[PDB]
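**Q**
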Amino acid sequence: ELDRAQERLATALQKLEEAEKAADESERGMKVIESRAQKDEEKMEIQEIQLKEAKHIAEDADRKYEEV
Amino acid sequence: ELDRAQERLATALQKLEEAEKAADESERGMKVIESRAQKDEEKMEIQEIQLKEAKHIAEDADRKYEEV
Amino acid sequence: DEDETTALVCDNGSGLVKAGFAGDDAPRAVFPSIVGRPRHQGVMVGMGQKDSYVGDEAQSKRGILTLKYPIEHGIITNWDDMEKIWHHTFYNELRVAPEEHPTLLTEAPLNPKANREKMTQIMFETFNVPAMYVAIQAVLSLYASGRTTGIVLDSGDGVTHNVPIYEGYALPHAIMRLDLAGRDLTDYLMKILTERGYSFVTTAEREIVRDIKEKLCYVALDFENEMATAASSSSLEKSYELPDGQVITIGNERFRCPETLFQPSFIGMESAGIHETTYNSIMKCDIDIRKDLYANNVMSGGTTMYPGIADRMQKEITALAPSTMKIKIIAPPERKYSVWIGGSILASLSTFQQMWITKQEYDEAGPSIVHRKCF
Amino acid sequence: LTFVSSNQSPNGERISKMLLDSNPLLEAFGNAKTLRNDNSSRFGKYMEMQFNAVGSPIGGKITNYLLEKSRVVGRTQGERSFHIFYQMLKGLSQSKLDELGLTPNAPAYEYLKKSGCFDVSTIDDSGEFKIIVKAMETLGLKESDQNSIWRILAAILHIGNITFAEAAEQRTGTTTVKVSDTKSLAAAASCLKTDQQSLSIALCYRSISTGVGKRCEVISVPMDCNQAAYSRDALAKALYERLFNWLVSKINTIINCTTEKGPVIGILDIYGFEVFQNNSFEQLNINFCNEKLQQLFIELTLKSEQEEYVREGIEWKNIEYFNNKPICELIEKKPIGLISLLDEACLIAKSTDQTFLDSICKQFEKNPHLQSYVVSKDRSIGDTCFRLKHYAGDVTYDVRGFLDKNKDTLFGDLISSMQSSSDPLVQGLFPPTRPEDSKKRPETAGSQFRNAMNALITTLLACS
Ligand SMILES: Nc1ncnc2c1ncn2[C@@H]1O[C@H](COP(=O)(O)OP(=O)(O)O)[C@@H](O)[C@H]1O
Ligand SMILES: [Ca+2]
Numbered sequence: 877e878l879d880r881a882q883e884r885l886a887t888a889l890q891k892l893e894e895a896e897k898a899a900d901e902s903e904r905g906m907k908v909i910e911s912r913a914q915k916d917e918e919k920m921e922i923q924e925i926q927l928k929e930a931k932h933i934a935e936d937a938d939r940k941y942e943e944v
Numbered sequence: 877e878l879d880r881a882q883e884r885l886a887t888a889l890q891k892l893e894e895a896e897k898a899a900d901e902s903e904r905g906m907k908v909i910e911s912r913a914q915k916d917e918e919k920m921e922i923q924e925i926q927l928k929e930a931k932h933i934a935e936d937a938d939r940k941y942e943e944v
Numbered sequence: 036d037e038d039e040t041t042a043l044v045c046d047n048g049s050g051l052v053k054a055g056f057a058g059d060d061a062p063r064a065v066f067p068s069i070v071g072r073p074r075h076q077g078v079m080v081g082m083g084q085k086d087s088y089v090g091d092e093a094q095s096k097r098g099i100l101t102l103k104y105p106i107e108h109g110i111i112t113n114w115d116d117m118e119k120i121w122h123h124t125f126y127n128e129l130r131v132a133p134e135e136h137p138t139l140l141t142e143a144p145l146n147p148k149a150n151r152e153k154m155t156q157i158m159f160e161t162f163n164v165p166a167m168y169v170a171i172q173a174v175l176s177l178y179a180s181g182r183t184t185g186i187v188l189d190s191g192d193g194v195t196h197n198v199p200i201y202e203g204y205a206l207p208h209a210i211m212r213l214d215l216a217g218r219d220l221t222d223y224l225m226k227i228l229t230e231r232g233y234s235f236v237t238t239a240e241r242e243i244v245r246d247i248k249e250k251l252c253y254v255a256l257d258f259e260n261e262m263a264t265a266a267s268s269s270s271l272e273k274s275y276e277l278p279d280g281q282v283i284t285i286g287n288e289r290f291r292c293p294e295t296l297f298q299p300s301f302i303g304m305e306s307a308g309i310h311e312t313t314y315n316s317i318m319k320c321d322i323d324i325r326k327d328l329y330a331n332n333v334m335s336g337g338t339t340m341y342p343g344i345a346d347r348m349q350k351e352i353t354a355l356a357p358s359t360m361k362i363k364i365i366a367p368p369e370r371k372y373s374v375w376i377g378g379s380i381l382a383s384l385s386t387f388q389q390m391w392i393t394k395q396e397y398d399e400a401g402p403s404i405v406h407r408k409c410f
Numbered sequence: 005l006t007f008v009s010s011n012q013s014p015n016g017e018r019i020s021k022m023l024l025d026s027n028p029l030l031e032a033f034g035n036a037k038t039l040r041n042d043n044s045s046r047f048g049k050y051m052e053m054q055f056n057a058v059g060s061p062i063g064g065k066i067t068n069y070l071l072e073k074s075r076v077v078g079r080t081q082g083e084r085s086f087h088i089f090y091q092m093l094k095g096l097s098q099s100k101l102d103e104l105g106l107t108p109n110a111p112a113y114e115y116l117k118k119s120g121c122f123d124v125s126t127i128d129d130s131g132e133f134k135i136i137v138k139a140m141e142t143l144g145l146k147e148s149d150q151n152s153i154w155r156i157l158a159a160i161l162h163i164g165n166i167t168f169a170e171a172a173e174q175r176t177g178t179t180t181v182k183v184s185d186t187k188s189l190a191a192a193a194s195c196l197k198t199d200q201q202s203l204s205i206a207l208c209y210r211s212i213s214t215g216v217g218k219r220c221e222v223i224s225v226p227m228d229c230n231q232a233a234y235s236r237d238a239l240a241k242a243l244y245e246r247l248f249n250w251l252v253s254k255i256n257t258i259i260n261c262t263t264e265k266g267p268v269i270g271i272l273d274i275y276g277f278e279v280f281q282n283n284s285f286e287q288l289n290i291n292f293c294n295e296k297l298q299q300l301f302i303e304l305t306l307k308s309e310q311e312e313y314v315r316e317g318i319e320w321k322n323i324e325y326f327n328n329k330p331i332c333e334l335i336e337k338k339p340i341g342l343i344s345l346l347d348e349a350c351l352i353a354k355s356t357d358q359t360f361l362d363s364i365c366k367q368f369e370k371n372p373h374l375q376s377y378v379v380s381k382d383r384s385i386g387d388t389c390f391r392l393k394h395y396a397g398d399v400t401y402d403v404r405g406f407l408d409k410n411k412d413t414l415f416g417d418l419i420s421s422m423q424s425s426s427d428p429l430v431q432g433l434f435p436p437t438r439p440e441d442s443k444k445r446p447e448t449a450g451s452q453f454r455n456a457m458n459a460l461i462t463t464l465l466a467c468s
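Residue numbers (the numbering used here), protein chains in the order written: chain A, 877 to 944; chain B, 877 to 944; chain C, 36 to 410; chain D, 5 to 468.
1. Have a look at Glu917(A) and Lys146(D) and give me their C-alpha separation to the nearest angstrom.
2. What residue from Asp347(D), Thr167(D), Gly317(D), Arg246(D) has the CA that sits closest to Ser442(D)'s CA?
3. Taking CB distances under 9 Å as the criterion, tell me whether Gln395(C) reaches chain D.
4. What would DSSP say about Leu175(C), mapped onto helix, strand or coil?
5. Are the C-beta atoms of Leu351(D) and some chain C residue less than 9 Å apart?
6. If we call anything under 9 Å between Cβ atoms a contact, is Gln375(D) one with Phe390(D)?
7. State whether the segment 55-73 of chain C contacts the segment 204-216 of chain D, with contact taken as three or more CB pairs (one from each stretch) at a distance under 8 Å.
8. Would you kindly work out how many angstroms separate the C-alpha atoms of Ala190(D) and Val430(D), rounded to a whole number?
9. Three or more C-beta pairs under 8 Å: does that hold for the segment 335-344 of chain C against the segment 251-263 of chain C?
10. Do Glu128(C) and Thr41(C) count as a contact pair if the criterion is CB distance below 9 Å?
11. Beta carbons nearer than 7 Å to chain D: which residues of the segment 360-371 of chain C have them?
12. Please name the residue, chosen from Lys49(D), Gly63(D), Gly59(D), that lies closest to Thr257(D) on a Cα-to-Cα basis.
13. Using a Cβ-based criterion (distance less than 8 Å to any ligand heavy atom), does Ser49(C) qualify as near ligand 1?
14. Just reading off the alpha helix (DSSP H) that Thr284(C) is part of, what are its end residues?
15. Given 8 Å as the limit, is there contact between the segment 26-35 of chain D and the segment 258-267 of chain D, that is, 3 or more CB pairs closer than that?
16. Pull out every residue of the segment 918-931 of chain B whose Cβ sits closer than 8 Å to any Cβ of chain A, in chain order.
17. Does any C-beta atom of chain C lie closer than 9 Å to the C-beta of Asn230(D)?
18. Using a threshold of 8 Å, is the CB atom of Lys371(C) nearer than that to any non-hydrogen atom of ligand 1?
19. How would you list, in chain order, the residues of chain C whose beta-carbon sits under 7 Å from the beta-carbon of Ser911(B)?
20. Closer than 7 Å between beta carbons: that is the criterion. Which residues of the segment 884-906 of chain A meet it against chain B?
21. Ignore the nearest five residues each way along the sequence and tell me which others in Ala396(D)'s own chain have a CB closer than 6 Å to its CB.
22. Taking Cβ positions, are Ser44(D) and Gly276(D) nearer each other than 9 Å?
23. Please state the DSSP three-state secondary structure of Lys49(D).
24. For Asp346(C), which residues in chain B fall below 9 Å Cβ to Cβ?
25. Residues of chain D with a CB under 7 Å from the CB of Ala61(C): which are they?
26. Could you spell out the range, first to last residue, of the alpha helix (DSSP H) harbouring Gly131(D)?
27. State the DSSP-derived secondary structure class of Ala169(D), mapped to helix, strand or coil.
28. Assuming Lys919(B) and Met920(A) make a contact with CB atoms under 8 Å, what is their CB distance in whole Å?
29. Under the assumption that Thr138(C) contacts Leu43(C) (Cβ atoms under 8 Å), give the Cβ distance between them as a whole number of angstroms.
30. Anyone know if the C-beta pair for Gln54(D) and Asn249(D) falls short of 9 Å?
31. Residues of the segment 294-310 of chain D in Cβ contact with chain C at a cutoff of 8 Å, in chain order, please.
32. Count the CB pairs spanning the segment 174-186 of chain C and the segment 10-24 of chain D that are closer than 8 Å, and state whether there are at least three.
33. Given that a residue counts as buried once 16 or more other Cβ atoms are within 10 Å of its Cβ, and exposed if not, what is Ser335(C)?
34. Taking the alpha carbon of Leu460(D) as the reference point, which residue from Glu286(D), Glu278(D), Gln299(D), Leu207(D) has its own alpha carbon closest?
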């Protein structure tokens, strides 16, 4: 029974390190993507503000055209 | 020695369960964020075309106004 | 509870039986609308098998069960088994007697006339219901999301319904029905799975296909560009350890099946895509009533939860649709329970009195009372 | 009651002094200045006097109905909220204000900015504070306890001062909610000491799963502005209702007598009759309370007492009495009714207050005691107002508010995440689960208001 206990201890201790290792890598991958996600989110919003202006200017030009 | 190994095995499996649980929540967090990042990326590209179109149509309107 | 008396909310479909207590905002005890016997003859003595194995008890152990579904989108293969589904609903989970509280069921748009009278027979004559109504699927969700002017496309596993309801129901047809959802995607997988040394043969494990489906499978934005990407083994294959023990590296399998949604030509049906049928319903209404429909589109149902479902619509619609005003689709991040949130609405309205059927009303107008007052 | 009652006990003539010294005390809590009347209290209080085995008081409890909980953040220009608040900000020292997290700048806030008035010549601010302290100390609230309570109130102030800005998350014209003034929302989580972000993940976004077990919070829905500002109010307002109830009750814990038990006698006290040249939603609900008070007597001095005629054994013959005015009762109870159709229009989320008006006219304009400018040709009625009869006169109401003013309901998807903390203040806001008032927690407003009014009636048809 001792041999079995030692055997399970080996595979458990090893899998424990792998599980912890994966947890760090997964969190590591989460961080790099989260940062990029925030940068994109911010960039997207700035464009939406410019998008509205670009349209209003385009419409204003059309209304200004109709007058002339 | 068996009793000592069994004691170490009990706490080992407990740490293993905790490690796997932490990894399971971490890999999921990275997953959902990755999906959101892609959704934002596609939304960024589709708007990137609209922004340009909104700028060109504005410049064209100005040129159209200059003619009349 | 020293408040009022006799009240409850319910809703059933081809996925879950959504129901709760009186005056609730969200369901309380949802369970799969399944029911089967024993292909294993259940230790015949370790109980006189019977109870087909419905409810959590059924979903727990699938192996012994030969899950034979009763109501496949519209058609009810058998009503005899329905008897002991509602016997499990009101009495076990809801813990209330149907001979007291009303009931608000859902109606699959354009359901056979003979079915309505049959259902009423099970309630009024057997379960004694002095008040109940069977509202029409989609219209319910409209009042929940807070929309009065939009087009609703509510569908999950049951049947697809294009309901242009933004100022009137029951009028010109402008509605469609398509038996292509849920179980259709659940049965199609095992076919194509054969080419990858996998085969969920029987119906019991077929139900699991749906479980894994709603946690990874996504829709392709453009099949052409993602065909060459197949070489890059990174965005495709993903290790999914089957609970028992058999890894399935789903990759190209994820965006191949959902393509059938927009392309019903992969299963021998001339039925046009959900974005074509949308046109079919819009072209019927007046000309000066489209600009507001495009502004807001109500896409509801658990089918509208997969990655790449709303963005694709804004690509195909704009093509064969007017291109001048802005177009926005309102797809509630949790648009599955949209029907239930709307159910809670009509459940607390008093005007609803002029809709449901009272005990005596049935005996005063025979069995046709349903199609004599309702519509 | 006294004198006729008993004497002897030196602790009897002393308590006969504190209850008379409760007049200045009750003149602070319930009372609040209105635009016209200064001492115009605003609350539905039903105080119960407990007694002993000889016939003298021992203690009592306090009960309140649905609170005009919008009083704290919204009101008509010129009016003011409860005094206890304004008398605190100008009574403490900047050193202590910093501990609370307050800055010497009234316009900087929002709840106080919406009013546009602070310093008043009539009422003295610094002079009242010291009097409030005496009142608290005289009863049984030492400074040590006061500070312990201020933390709870100061916490609410942090979670109050947050009217979020436009969140450019959507695409076209609509939008969701997101923090721009972070330090304000941070203050809300500061007292809670939790991840500022995670806090908004469960609130502004509605998470729901349920089924089989019971719920799993994480995936959620960015709701619209209307439902956003809705939860904003429902949250900042519900906490106060729980506080007041726990405030007055926990005070009695010290005042209440443990030496002996006895019977109970109730006393009623409510707001007054006010009529402006203009009107609004709040006028309807206040007048509704009167409709019950008038009906109360009718049920008692006209009905109950009338039954006493035949109980005393007197040759009685039924004499014509003015009808039981069920035209104003049956019209708001059973299906097809005012409050019945009111809940009907409110639940149609998109339907505004204006549309609700039309839902009344069609259903009625025939049943007595209801008119409008369409049917009744009277220029006095505006195009956005309506007529309603009560006892002996006419009152034209406005439509402003109604929506967010009425519903106010709060679900358990916003409370669960907060009561899961570990702090006598955070979880303290939510006393040991259900203070004898629960049965069923999640119910769309309408009914919730019926409870406060039904619990009132059920305890009237079984007493002398
Ligand atoms: N977030 C989700 N992602 C994918 N599928 C989901 C999600 N939530 C629910 N579903 C699925 O949606 C189906 C239920 O959708 P529903 O619209 O209620 O169907 P029906 O009305 O036909 O009963 C079930 O198959 C369920 O697993
Ligand atoms: Ca259905």
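Every residue gets a Cβ at the ideal spot worked out from N, C-alpha and C, and that includes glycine.
**A** Working from what's here:
1. Distance between the alpha carbons of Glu917(A) and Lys146(D) is about 52 Å.
2. With distances taken between CA atoms, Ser442(D) lies nearest to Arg246(D) out of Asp347(D), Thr167(D), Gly317(D), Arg246(D).
3. Residue contact check for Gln395(C) against chain D: no CB pair falls below 9 Å.
4. Shown here, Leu175(C) sits in a helix according to DSSP, grouped into three states.
5. Put simply, the CB of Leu351(D) is near chain C, with a gap under 9 Å to one of its CB atoms.
6. Judged by beta-carbon spacing, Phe390(D) lies within the 9 Å limit of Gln375(D), meaning their Cβ atoms are closer than that value.
7. Yes: at least three Cβ pairs fall under 8 Å.
8. Those two C-alpha atoms are separated by around 15 Å.
9. The answer is yes - the segment 251-263 of chain C touches the segment 335-344 of chain C, with three or more Cβ pairs under 8 Å.
10. At least 9 Å separates the beta-carbon of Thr41(C) from that of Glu128(C).
11. For the segment 360-371 of chain C, which is checked against every Cβ of chain D, the residues closer than 7 Å are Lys361, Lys363, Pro367, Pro368, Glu369.
12. That would be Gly63(D), whose Cα lies nearest to the Cα of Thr257(D).
13. Correct: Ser49(C) has its Cβ closer than 8 Å to ligand 1.
14. Judged by DSSP secondary structure, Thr284(C) falls outside any alpha helix (DSSP H); it is assigned neither H nor E.
15. These segments do not touch.
16. Contact annotation: in the segment 918-931 of chain B, residues whose CB is within less than 8 Å of a CB in chain A are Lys919, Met920, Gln923, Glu924, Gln926, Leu927, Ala930, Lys931.
17. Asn230(D) counts as touching chain C.
18. In this structure, the C-beta of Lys371(C) approaches ligand 1 to less than 8 Å from one of its heavy atoms.
19. The contacting residues are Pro342.
20. Listed by position, the residues of the segment 884-906 of chain A near chain B (Cβ gap below 7 Å) are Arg884, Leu885, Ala888, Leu889, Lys891, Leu892, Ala895, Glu896, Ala898, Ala899, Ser902, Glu903, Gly905, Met906.
21. Apart from the 5 residues on each side of it in sequence, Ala396(D) has no Cβ closer than 6 Å to any other Cβ in its chain.
22. Taking C-beta atoms as the reference points, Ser44(D) and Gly276(D) count as a pair closer than 9 Å.
23. Here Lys49(D) sits in strand by DSSP.
24. What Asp346(C) touches in chain B, judged by beta-carbon distance under 9 Å, is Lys915, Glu918, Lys919, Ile922, going in chain order.
25. Correct list: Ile212, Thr214.
26. Residue range 129-143 is occupied by the alpha helix (DSSP H) that includes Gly131(D).
27. In this structure, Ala169(D) counts as strand in the three-state DSSP scheme.
28. Rounded, the Cβ-Cβ distance is 6 Å, consistent with contact.
29. The pair is a contact, with the Cβ atoms about 6 Å apart (cut-off 8 Å).
30. Cβ atoms of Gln54(D) and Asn249(D): not closer than 9 Å.
31. Against chain C - using a Cβ distance shorter than 8 Å - the segment 294-310 of chain D contributes no residues.
32. Contact fails: fewer than three Cβ-Cβ distances are below 8 Å.
33. With 16 or more other Cβ atoms within 10 Å, it is buried.
34. Taking only the C-alpha atoms, the option nearest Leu460(D) is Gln299(D).
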